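First the structure, in the form of structure tokens, and then the observations on it.
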Amino acid sequence: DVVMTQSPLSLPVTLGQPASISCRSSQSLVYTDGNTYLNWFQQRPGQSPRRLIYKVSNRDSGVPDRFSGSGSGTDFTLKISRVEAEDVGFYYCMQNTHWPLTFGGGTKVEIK
Amino acid sequence: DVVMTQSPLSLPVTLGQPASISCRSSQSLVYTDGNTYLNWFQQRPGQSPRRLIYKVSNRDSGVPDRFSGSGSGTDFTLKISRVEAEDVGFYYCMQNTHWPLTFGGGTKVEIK
Amino acid sequence: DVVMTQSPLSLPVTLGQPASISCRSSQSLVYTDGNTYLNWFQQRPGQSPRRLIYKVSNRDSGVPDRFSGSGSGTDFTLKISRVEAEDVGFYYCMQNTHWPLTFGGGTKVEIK
Amino acid sequence: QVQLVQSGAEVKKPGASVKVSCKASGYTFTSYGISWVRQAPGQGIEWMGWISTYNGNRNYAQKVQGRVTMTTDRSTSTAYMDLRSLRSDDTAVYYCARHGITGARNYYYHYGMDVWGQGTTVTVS
Amino acid sequence: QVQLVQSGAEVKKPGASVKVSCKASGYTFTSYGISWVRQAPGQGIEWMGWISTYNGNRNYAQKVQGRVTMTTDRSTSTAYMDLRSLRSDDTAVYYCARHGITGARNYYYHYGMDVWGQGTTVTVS
Amino acid sequence: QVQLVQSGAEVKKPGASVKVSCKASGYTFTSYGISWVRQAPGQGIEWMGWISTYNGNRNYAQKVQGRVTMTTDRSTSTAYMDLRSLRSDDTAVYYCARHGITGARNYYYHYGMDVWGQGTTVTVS
Amino acid sequence: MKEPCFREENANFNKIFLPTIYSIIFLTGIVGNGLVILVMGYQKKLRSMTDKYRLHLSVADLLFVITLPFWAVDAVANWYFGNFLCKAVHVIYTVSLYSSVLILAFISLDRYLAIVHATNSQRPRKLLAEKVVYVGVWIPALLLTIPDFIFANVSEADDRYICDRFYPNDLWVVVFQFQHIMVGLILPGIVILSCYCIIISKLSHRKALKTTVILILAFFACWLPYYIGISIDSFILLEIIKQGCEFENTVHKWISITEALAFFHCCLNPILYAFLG
Amino acid sequence: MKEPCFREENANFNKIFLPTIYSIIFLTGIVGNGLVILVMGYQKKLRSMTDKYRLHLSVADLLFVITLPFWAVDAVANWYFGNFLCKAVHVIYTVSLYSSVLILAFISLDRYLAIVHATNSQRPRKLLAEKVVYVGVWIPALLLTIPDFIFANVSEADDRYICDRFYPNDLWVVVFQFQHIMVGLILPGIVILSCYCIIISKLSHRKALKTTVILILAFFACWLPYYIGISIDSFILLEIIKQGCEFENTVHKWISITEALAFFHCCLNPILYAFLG
Amino acid sequence: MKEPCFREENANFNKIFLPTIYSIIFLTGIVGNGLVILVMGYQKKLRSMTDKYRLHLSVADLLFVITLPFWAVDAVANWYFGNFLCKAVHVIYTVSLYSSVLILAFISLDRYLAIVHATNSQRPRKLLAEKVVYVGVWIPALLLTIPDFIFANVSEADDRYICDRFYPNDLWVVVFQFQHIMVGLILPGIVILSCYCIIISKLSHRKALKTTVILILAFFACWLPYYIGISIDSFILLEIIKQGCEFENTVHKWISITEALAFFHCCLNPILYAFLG
Ligand SMILES: CC(C)CCC[C@@H](C)[C@H]1CC[C@H]2[C@@H]3CC=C4C[C@@H](O)CC[C@]4(C)[C@H]3CC[C@]12C
Ligand SMILES: CC(C)CCC[C@@H](C)[C@H]1CC[C@H]2[C@@H]3CC=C4C[C@@H](O)CC[C@]4(C)[C@H]3CC[C@]12C
Ligand SMILES: CC(C)CCC[C@@H](C)[C@H]1CC[C@H]2[C@@H]3CC=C4C[C@@H](O)CC[C@]4(C)[C@H]3CC[C@]12C
Ligand SMILES: CC(C)CCC[C@@H](C)[C@H]1CC[C@H]2[C@@H]3CC=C4C[C@@H](O)CC[C@]4(C)[C@H]3CC[C@]12C
Ligand SMILES: CC(C)CCC[C@@H](C)[C@H]1CC[C@H]2[C@@H]3CC=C4C[C@@H](O)CC[C@]4(C)[C@H]3CC[C@]12C
Ligand SMILES: CC(C)CCC[C@@H](C)[C@H]1CC[C@H]2[C@@H]3CC=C4C[C@@H](O)CC[C@]4(C)[C@H]3CC[C@]12C
Ligand SMILES: CC(C)CCC[C@@H](C)[C@H]1CC[C@H]2[C@@H]3CC=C4C[C@@H](O)CC[C@]4(C)[C@H]3CC[C@]12C
Ligand SMILES: CC(C)CCC[C@@H](C)[C@H]1CC[C@H]2[C@@H]3CC=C4C[C@@H](O)CC[C@]4(C)[C@H]3CC[C@]12C
Ligand SMILES: CC(C)CCC[C@@H](C)[C@H]1CC[C@H]2[C@@H]3CC=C4C[C@@H](O)CC[C@]4(C)[C@H]3CC[C@]12C
Ligand SMILES: CC(C)CCC[C@@H](C)[C@H]1CC[C@H]2[C@@H]3CC=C4C[C@@H](O)CC[C@]4(C)[C@H]3CC[C@]12C
Ligand SMILES: CC(C)CCC[C@@H](C)[C@H]1CC[C@H]2[C@@H]3CC=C4C[C@@H](O)CC[C@]4(C)[C@H]3CC[C@]12C
Ligand SMILES: CC(C)CCC[C@@H](C)[C@H]1CC[C@H]2[C@@H]3CC=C4C[C@@H](O)CC[C@]4(C)[C@H]3CC[C@]12C
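Keeping their order, the protein sequence lines are chains Y, L, O, Z, H, P, AA, R and Q.
Here the first sequence is numbered in the deposited numbering, starting from 1 and rising by one per residue.
Here the second sequence is numbered in the deposited numbering, starting from 1 and rising by one per residue.
Here the third sequence is numbered in the deposited numbering, starting from 1 and rising by one per residue.
Here the fourth sequence is numbered in the deposited numbering, starting from 1 and rising by one per residue.
Here the fifth sequence is numbered in the deposited numbering, starting from 1 and rising by one per residue.
Here the sixth sequence is numbered in the deposited numbering, starting from 1 and rising by one per residue.
The deposited numbering puts the seventh sequence at residues 24 to 228, 235 to 306.
The deposited numbering puts the eighth sequence at residues 24 to 228, 235 to 306.
The deposited numbering puts the ninth sequence at residues 24 to 228, 235 to 306.
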């Protein structure tokens, strides 16, 4: 199935500075309908992952405007404008276009 | 042509315990019509192989209910619910969808 | 994307003698419409590259008849009938058929 | 609100069988499939199955196929999953997540992974 | 009942020719093709040929093609196979197995491998 | 005549942002896209972007995507390009070259690369 | 105990062809039904009892035609109108079809009475055409809509709203397709064929007969290719026709295109006045 | 001494298109043939000898139409009915076609006698239309069914039952296709063309002629595209047309679709009464 | 803030099918319009005011038909004629369509006056048909061509010359498509439908009506499939219908083929004289 590599594996970030995580696929994520179904999750330590953005750029209701994503084809990127103290955890990117769905490697965001 | 690998090569089993043999293909066994033509044989030492189950799950008439198979796509499995003393011999899985037909490696069932 | 290798990398030429540079592609440069869009550039030291011939053989207006090109499929060649003292510089071949466009390695013409 | 609640953590000996409940409430249970996702400790998230609560059209992952049977209980709006012949490396955390969309004229699979269960951890000893 | 009976075991010198009969009874012989399968001792079962008894549309495997000619005798409802230029590794057991289905409007090949002959063993010395 | 004029050469520290103007004159600016090409010193020419002045349908190269935003100023018939998070190897020369053709019934991309700007060089220190 | 295969969306040509067919049907039907209804029900009135039946048919066709723009918008873009409008659209769609079919059956029954029992049975014909028709057609058509009234609603899939029928499980759609067939095709067909057989026999041993025969044959010729699509879909659902899944997608596309083409039953009614009348 | 290439099953659109064509043909033909047969053979009766011929044509068409649901079910699902029903279906299918063709030839011969020898030959016409017709049409049609009677049977392939014709070897189907052509197309065509040529010549040196001319041309226009499909298939079989195997599959699909479309000869007969009559 | 996808050129069958359709339309229209115009405007003249309207329609159709060979050559080969001829072709194309539509609207208005106010309003009818028509149709049609007059020109792409409309930015084409729809389809359609409704109502409470009704329905049946293509293209342009890009190419091909087929409005006018007249 489709395999996605996510970089960087470890991303030390300093408070008040933007950061970017990007994951690349092995097959073009374009559906026959005409959309791209790739969404990003954040998993805080000890609780189930939650949804941040669904599709390439649409933002899931209930999260701040700091999180934003972009990309097309086989390259996608998620960026955080400002890093607070509550943005520590794992981040995953997954696709829902080709049966079966495949998750990402995972990126952990520390505090520097 | 299509190549199928069967595992395990040697399967020691204890009387009164279930056992499973699974063989994987290299090309999807789905016909244009919409079925999967993969069937299993058992060859006792010194006599011609006989048919146990034809297609993925249908049971050939004349065999007990202990033998049963399942699977789809490129993965298939045959399982024996109870192993008696007369279930010793070689087991093969073969396909009839793509010209020419290809057999399996073969699995020998001992008594443990 | 399409990758084109250009040979030779260095081409010493003697004044008053013809010379040829040829670049080979990795995918056939034939458009659905029915043409081949491969054009050649020359870059003198210190100024922007200019266009010599557009498409396989058509000559861009404003250049002498010495420059001429040919080829089809995945093999193309540009030849200079007579080498003067003003024909010193880099030469590139690029394609415009498949998004995105890809340039060539580059060939430098000296004086021998 | 829409939510999914699971059972507690379990520990079982190798070769046993484990069934984890997944009770869902807050929406029509018979119009969204359910996908079972397992995350090994210190490893990337993995997928192992999906069942359509509309008519029980189960589907399994290749790596686990043959050892899992997963069914639904439409009367009490719960989804189960049974795993047998547990191995040493099976110690992990299982999440029940809504997936797909099933209807009379629409039976697509690219609308989901929105709400997740609390998750349960199973270990083999 | 439906059954296939073969000839006896044979031993021949290298470079000779061997023909093995395959008499079939219990069903209409002119509505099912016949496939010849050979199993090398201590090796996986292999396929080498197929002939359609309807109109003699023979077909051969790549590894053996050029050394085998196989024909049918519709009058006595028997199927033969001739192998020439035998090599050292040809010592094996040959099975005659019904394959396919031939008819006026249906000439498919994915219905068979049901009944097998007793099998014969040939050796080279 | 048709011509493209760029800005001057620039030097900036790592992590900064650079915008290079590309003023075009001599033809209808709103009927030809513009492609931005960068040539690293002592290296083969490379492509990094393209913007359609008709309706601002930008497109970026994979290697540089995520760090460049490029826009046009139709009122004064100029095209810009912004690059941020500059690295050490970014010291190179940037050329603004006309590309494509945009119209009501014709929006092809294989007609261009004819006229080039004078080019500008940017360095990081 | 079977694997699922997910339905794939219609081709681009279908996405363009459905809206134009819907728009043409709407434009023809609105004008035709408005004109026939206005003339029959407001000034000149109707000379014959059959025209009275046709007025009910025209009203049902108008009620159906009213909802076409929602169908076209849903076919092209996403659903935006809301849950109540989804329910109303489904209810009207279910009402109009059954109303039209039973009005046709009533017309055939009236013909039967007018032909064989002409001398004896004028009072029964008048009573049936004046009072009984409401209970005959409008009551059962309204009654058969309760399943749609409960099981039709809009679902939120990410950012896309879907107006469809969400049944508790699979067998409900099989049962409802079977009642659709049994009430649309079979029973009224049996009544119409039996009635026309008796009239033909009596005649052997009429402009009105020709005009009401063409309407019925043209109605069932439009609806016929849809019902084989439904029958096959139901058999495939009950694991009786396991031909694969490409066959399933093909029959789904066939059902969609065939219902789009069979929506012409609303347009067919006013035309016959222009040609035959 | 040739390699085999196995026939591939029909496309999904064909699997859906054959049942709907069969259902439409059945629905039209059953009603039309029932009505014409009932009126001609039970009450009003027939004024003219040609109507008498048409009654035999109607009976043959009804006999053919009776077996269509089995064809549709076999086309969609597997065979379940049994060996005897397979044989009966094949026998009826073989009988009806030849019966219809020879009835058409008899009609042409009667026209010839009615036109040129009208004064002299009334008694021969009556005798031919009353007594000779049975021996002429029904006896040879029954006689030609012995090959189907022996070589048509159901075979058990795994769990699927197949109702087909299992011939001893290849050349039998070539011979039977050749007799099919020679008895359906060529000889009756020669008789009909010769008869109409003589009538045209006599006329140069009629409502009835027009009505029986349209029936024949419409019959052979429906059957014509099938016989080129058979002719080409036979030539391909005898290693005279070695165009490959994709050509073979294409011509097989052509034969299937063309016979499905040419089954309209049963529906064509009752319609002409409605239009021309 | 979106990615671009470039339009792909039409299929080879389209490249061959457009020229033959254009040639057939040119050959039919030139002869038909020349004949009708010559007879109406040079010798026999016109008995009725409607024939006078039809003469303006014929002149507009002739003006359109004159420019077809350029369309065919551009469809097949490159543009060679020049910038002035490109502008003239676009101007004539824009003029003829609006002229024809407004002449049809005027015919409907004249019918309305002739039917309801026949006794009172002969002088207004004569005045409208003699003087007002020029200001009504020819002035606004000429006025609406200024956007084409400015934004239509030929561009040099390498060695290929392209005659097209080069707008300052994207929204201009959306605005101009909207005015195209609002002035071609909606407003004249509203006027025609309202007028015919009033005539129908008055009649309920005519050879001329039939002849001018068939012309209008046949005109809008040809133009109807084009306007859904435009409407959908405009919605896709404004990011309201984001169905992808294969959908965009499909709808572009649909627009091209549909306008090629809808160019029949020039050929339709003279035929009705041959058939109905
Ligand atoms: C006289 C009337 C009933 C004929 C109606 C014919 C219509 C319904 C037929 C004619 C050609 C057909 C199209 C031919 C090709 C395709 C492409 C395929 O990928 C999807 C279906 C689609 C788009 C078909 C849909 C149905 C269609 C449009
Ligand atoms: C291209 C499309 C939109 C044209 C649609 C035209 C249809 C709707 C028009 C054409 C002829 C019209 C009919 C002409 C005559 C009559 C008789 C009158 O006593 C009732 C209305 C009725 C029955 C009209 C109804 C509407 C009608 C059927
Ligand atoms: C939710 C909707 C679909 C419910 C439908 C109920 C209403 C709209 C229907 C039910 C029965 C219908 C009535 C049935 C019979 C007649 C008599 C006729 O001479 C005029 C129209 C008239 C008066 C109909 C008007 C519409 C009507 C009142
Ligand atoms: C797929 C769908 C749209 C096809 C619809 C076809 C229907 C509407 C067509 C098929 C055959 C047609 C009939 C064929 C013959 C006649 C006889 C003529 O004297 C009156 C019209 C009449 C009665 C036609 C009416 C319309 C009709 C019934
Ligand atoms: C006026 C009458 C005779 C026209 C009859 C046309 C019918 C028989 C033609 C029209 C379009 C044709 C179809 C067009 C495309 C395909 C797809 C192909 O993969 C199998 C054949 C199939 C399914 C064809 C079968 C025959 C078909 C349905
Ligand atoms: C859509 C389909 C099912 C409609 C089928 C209608 C056919 C079967 C109907 C339509 C008109 C009917 C004909 C009308 C008149 C007559 C004259 C009578 O003396 C014998 C029966 C006969 C010849 C009928 C036979 C059946 C017939 C042909
Ligand atoms: C196995 C089947 C197909 C055998 C067919 C034989 C029977 C059904 C056929 C053979 C000859 C036929 C008869 C031929 C002639 C007539 C005269 C006609 O005025 C009424 C029908 C009638 C009486 C036919 C009835 C059906 C019939 C008896
Ligand atoms: C593939 C198959 C189904 C095509 C069948 C076409 C047949 C039924 C068609 C083709 C040409 C048609 C004929 C064309 C012209 C006329 C003249 C007219 O005054 C009476 C009808 C008549 C005689 C038609 C009858 C039906 C007909 C013969
Ligand atoms: C009665 C009239 C309106 C029918 C008009 C039908 C015409 C417009 C239809 C019939 C078949 C169609 C063609 C069928 C197949 C193809 C191949 C595709 O790759 C491009 C479109 C193209 C070339 C279609 C263009 C439109 C077309 C030619
Ligand atoms: C195959 C194609 C080119 C044939 C084109 C024929 C067309 C252009 C011909 C056929 C019949 C002709 C019409 C026949 C009669 C009349 C009446 C006359 O008072 C004015 C001209 C007019 C209205 C003709 C115009 C041209 C016309 C419509
Ligand atoms: C550049 C082009 C398209 C400008 C079009 C303007 C000219 C060609 C048009 C504008 C108005 C038109 C006139 C409008 C009305 C009439 C009256 C009629 O009884 C004869 C033709 C005649 C006299 C037309 C001839 C053509 C005409 C003069
Ligand atoms: C895609 C485009 C070319 C299709 C064009 C179809 C138009 C020209 C066709 C579609 C339906 C046709 C109409 C159908 C019925 C009638 C009734 C008849 O008594 C006169 C002709 C008339 C009024 C036809 C005229 C032509 C017509 C309007």
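Cβ coordinates follow ideal geometry from the N, Cα and C atoms, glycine included.
What does residue i pair with, by DSSP beta-bridge criteria?
| i | result |
| --- | --- |
| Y91/O | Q42/O and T107/O |
| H99/P | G33/P |
| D75/L | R24/L and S72/L |
| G49/Z | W36/Z and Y60/Z |
| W116/Z | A97/Z |
Got a sec: does ligand 4 put a non-hydrogen atom nearer than 7 Å to the Cβ of residue i?
| i | result |
| --- | --- |
| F249/AA | no |
I need the straight-line Cα distance from residue i to residue j, nearest angstrom please.
| i | j | result |
| --- | --- | --- |
| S21/Z | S7/Z | 6 Å |
| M4/O | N96/O | 12 Å |
| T74/Y | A19/O | 42 Å |
| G57/AA | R188/AA | 31 Å |
| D1/Y | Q65/P | 26 Å |
| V158/AA | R77/AA | 17 Å |
| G100/Z | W99/O | 34 Å |
Would residue i count as contacting chain Y if we go by Cβ distances under 8 Å?
| i | result |
| --- | --- |
| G66/P | yes |
Kindly indicate if chain Q contains any beta-carbon less than 8 Å away from that of residue i.
| i | result |
| --- | --- |
| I101/P | yes |
| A100/AA | yes |
So is the beta-carbon of residue i under 7 Å away from any non-hydrogen atom of ligand 9?
| i | result |
| --- | --- |
| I209/Q | no |
Contact between the region 36–54 of chain Q and the region 287–300 of chain Q is defined here as three or more beta-carbon pairs at a separation below 8 Å; is this criterion met? yes
Contact between the region 150–167 of chain R and the region 115–128 of chain R is defined here as three or more beta-carbon pairs at a separation below 8 Å; is this criterion met? yes
Any contact between the region 169–180 of chain R and the region 107–118 of chain R? By contact I mean 3 or more CB pairs, one from each, below 8 Å. yes
Is the region 32–41 of chain L touching the region 13–27 of chain O, taking contact as three or more C-beta pairs under 8 Å? no
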